[PDB]
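K.L.:
heads up, no residue letters with this:
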Ligand SMILES: NCCCCCC(O)(P(=O)(O)O)P(=O)(O)O
Ligand SMILES: [Mg+2]
Ligand SMILES: [Mg+2]
Ligand SMILES: [Mg+2]
């Protein structure tokens, strides 16, 4: 790891974890991409994150994660080609397929059909109230991708706070947070997952992942003159040099880690409180503990992914 990207606290205090299903995961996702014609003839990131997930849940999550990267690529291609109509039509179909995936399983657009299959499968694990929350969150993600389309085709660099708000949606913070719950086998009650310690631990895990991605791409994403990156917002609106922007993003990433360590303690104290001597409480306690454990695993999975992925 180059010194500008190295984070000793991750290396020393966040040991990597790997889900035992990882070998089958890689090839089964590749087979799904081929069968769905989503790439002409990433799973490790999920296998280091959703520890404890049932094999079938981890497979559905990995296929969705692979689909997501194929969507990011189509979005980028529509942007650089100025295909505003094609993007608008896709945007509309993803909104519709999210609410009615079965209707879109054999759509002419293979990206839409692949999306529908992955969502249909994710909808099969937990009650319909979880499905509705996933859908609510992902409708918001789609519209954030539309805002990025608008910004990038017009060459607009969002302000720092504007970007930070937008990135919580284009990175899909709340989708990865939602997916903790099928991974530990339990839809959490609103009073549990909205506990301030759970909420803050969940946020910091995703801010680390998004901002570290921005750090691992700032120099390349200048050069070619991009606009969506915390470092680019800092250079453009705060007159930072590239070196100054790298240091500022790095400090913000480092603070996510030590803020997370403090709130993790509170979240695990909350998990202890949930185990109140009843079976239901022990089950909720264990689900919270598992989910917070995987919020922690996201730090190390993301960190080492950026130094392994091409
Ligand atoms: N966690 C590592 C995968 C995150 C990929 C993030 C992106 O898709 P990438 O930097 O790969 O293009 P985004 O469009 O949000 O910048
Ligand atoms: Mg991208
Ligand atoms: Mg993107
Ligand atoms: Mg990025």
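P.N.:
Arrived safely, thanks for sending. Numbers count the residues shown, from 1 in each chain. Ligands and ions are numbered 1, 2, ... in the order given.
K.L.:
so what does the helix ranked longest in the chain touch, helix or strand wise?
P.N.:
Counting by DSSP state H, the longest helix found in the chain is helix 242-274. Judged by 3 or more C-beta pairs under 8 Å, 6 or more residues apart in numbering; DSSP states H and E, the packing partners of helix 242-274 are helix 8-13, helix 196-215, helix 218-221, helix 230-238, helix 279-306. (C-beta placed from N, C-alpha, C; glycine too.)
K.L.:
10 Å instead?
P.N.:
helix 8-13, helix 190-193, helix 196-215, helix 218-221, helix 230-238, helix 279-306 (3 or more C-beta pairs under 10 Å, 6 or more residues apart in numbering; DSSP states H and E).
K.L.:
so what's the gap between that helix and the chain middle?
P.N.:
17 Å (C-alpha atoms, centre = their mean, to the nearest Å).
K.L.:
list, one by one, the residues from the stretch 101-250 of the chain near ligand 1.
P.N.:
Proximity of the stretch 101-250 of the chain to ligand 1 (C-beta under 6 Å from any ligand atom) is limited to residues 170-171, 209, 213, 217.
K.L.:
swap the cut-off to 8 Å and go again
P.N.:
148, 167, 170-171, 209-210, 213-214, 216-217, 228-229 (C-beta under 8 Å from any ligand atom).
K.L.:
among those residues, which ones are buried?
P.N.:
Buried members of these, counted by 16 or more other C-beta atoms under 10 Å: 148, 167, 170-171, 209-210, 213-214, 216, 228-229.
K.L.:
which members of those residues are the farthest-apart pair?
P.N.:
Using C-beta to C-beta, these span at most 18.5 Å, a distance reached by 148 and 216.
K.L.:
can you tell me the residue of the stretch 151-300 of the chain closest to ligand 4?
P.N.:
residue 213 (4.4 Å; C-beta to the ion).
K.L.:
counting by contacts, list what the helix or strand hosting residue 44 packs against.
P.N.:
Assigning secondary structure by DSSP states H and E places residue 44 in helix 43-47. Secondary-structure packing of helix 43-47 (3+ C-beta pairs under 10 Å, 6+ apart): helix 22-35, helix 55-80, helix 173-184, helix 279-306.
K.L.:
relative to residue 7, which of those helices is closest?
P.N.:
helix 279-306 (6.4 Å).
K.L.:
surely residue 22 touches residue 43?
P.N.:
Yes: using C-beta atoms under 10 Å, residue 22 is in contact with residue 43, at 7.1 Å.
K.L.:
alright, I will stop here.
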